[PDB]
Structure formats: structure tokens, C-alpha cells
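A single chain, nothing else alongside it, follows as C-alpha cells in the form deposited in one PDB entry.
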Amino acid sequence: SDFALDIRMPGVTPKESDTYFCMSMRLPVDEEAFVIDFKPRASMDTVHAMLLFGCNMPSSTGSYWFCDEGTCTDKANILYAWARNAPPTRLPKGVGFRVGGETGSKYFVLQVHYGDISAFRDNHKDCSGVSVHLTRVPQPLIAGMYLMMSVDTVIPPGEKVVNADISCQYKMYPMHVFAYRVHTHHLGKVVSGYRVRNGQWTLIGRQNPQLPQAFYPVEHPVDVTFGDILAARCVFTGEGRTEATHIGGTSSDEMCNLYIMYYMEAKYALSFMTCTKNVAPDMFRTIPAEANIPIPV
């Protein structure tokens, strides 16, 4: 019934720091399949991050391309992401990302963001990637991904604390949140995500981004529903920096990401949602104190 797909780079070798390689893999069937596990084949000393997308039109036809060219032409739904030697990610029973079928993606696209060019003095060839475990047994609970991401953060040099706040109004069919992944680069201290319902903040996740950036389970899994606000804060420092630090594509720039894995009932399910905004900036007046206390490793 099941099968696995090994999505690995074809022996690539970067020639400069912060190089982004992308490749695609066709789903071997067109009928409906479900992704239930993710096993990364990758290490921090070479790879800054991987992202895995579902789509129907990959941005190029070659064995691999530079990701500046695009990931997918159509909507690239994020399935999975990885960074700091995170262990495998396994979905709760009855839950899988839905691919193939009339509705679903026919291609995976893998982005690998390689780190420092030191790791290739060697000139070795790289086969980093993910192995994915699909099943054709229909799952009643379809997983999707909600990405909260900052696009305007400036971290002035040396400032002890900078908060980066992300908030969107939730207006879709009910989702049920069960795991999360936080991401920053070297300046990030703690990253927190919340569901805010009538002034009451309900923790989704709180993690140190310097720990392996796994999909950690949501301690008390929670419904997010029409009318709610989803809110996240990354706490940064400017210490150890000469100039301002901007949001960017290299390991010396910053990023504030919260990835929330959710499920929905098959019939009304959505794959991928996005917040790159801060709609409700004064709402953070009452964010809990825990969002600015660091998690001591």
C-alpha cells in the first residue's frame, strides 16, 4: 500500500556561500496519496536549511536549478522544512498531507540552502535531501501548513532586544493545530506563536530557535477558527553586530518564521496559508511575559 520517495540532490557542489539549489520529483502515481513522515538526509555543517514543496509546475526542467529561478510557477505549498539537525518528523495517526488525485500536487520541489563554502574546499558532491513516506490509504485528517513570516524586521547594531511581531486575522474553515517549527538565524533568542481569541492568548508553541528546528508537538492542541488572530513574536538581539541586520537570504541576514502544522476535515481542507503581516500591532501590549523570557537552551 505505501511507498517511499528519496528526494536527493544529484551530487551537487556549490561554488559560493548561501547557494540555493532546487530540484523536482514527480509523484509516481496520479491517484491520491498521503505524506505521513519526513526523514532528512542533511547536516548543519554543510546545509543551512531544506524546504519541501508540493506543486504542479516546477520552475525548471533540469536535474536541478538555482532557486532564484523559482520553486514552482504555480502555488508552492510547504510540506516540510528542516534546519539544525532536526530529527525525522512523523505525523499523528490518521493525518497526512494530501497529494495527487484530482486536487493534489503532482510534483515535489526540494530547495536546499547550502551554508558556508568552507564545507566544499573538499569539492565533494552533495546528495542531501528528504525521504518521504506516502500511503494510498485515505487519511480522514488532511494536514496543511500555516507559515508566519516577517518581511520588515530591522535589528539595529548592538540593541539588547528587538521584537518582531506577526499577526493575521484567521478567516477560514476550522484548522486544528498539532505541531510547530520556529526559525531564526544567529540573533534569535526565543520564538513564540499564539491563538488570540477575544483578548485571551493561547500558546501554540514557544521554542529556542538555536535548538534543532524540529516540528515539536503542540503541548495542548487547539482549534483555530473564524475570528481568531494568530500571533507570533521572535525576540532578537543586535549584540555582536557592527551594522543593522535586515531580513534576508543569507546566513548573516535574519529571518523570523513560525511554521504551524495543522489538520482539517478532508472535505474542506486547505494546504498552505501565509501571514507576512502585522495587522494588530497594539494587540501585543498583552502578549504573555513568557514570550520575552529566553528558553535557556
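Note that residue numbering follows the sequence shown and begins at 1. Here, rigid core means the biggest group of C-alpha atoms that superpose within 1.5 Å across both forms.
Not on display, but discussed next: the form deposited in another entry.
With the two forms fitted on their core, the C-alpha shifts between the shown form and the other one stay under 2 Å for all of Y263, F236, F38, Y259 except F38. Relative to the superposed rigid core, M273 undergoes a CA displacement smaller than 2 Å between the shown form and the other one. After superposition on the rigid core, the Cα atom of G11 is displaced by 2 Å or more between the shown form and the other one. Shown in the overlay between the shown form and the other one, fitted on the rigid core, is a CA shift at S105 of 2 Å or greater. In that other deposited form, the separation between the C-alpha atoms of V47 and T245 grows by 3 Å or more relative to the displayed form. In that other deposited form, the CA atoms of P217 and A83 come closer by at least 3 angstroms compared with the shown structure.
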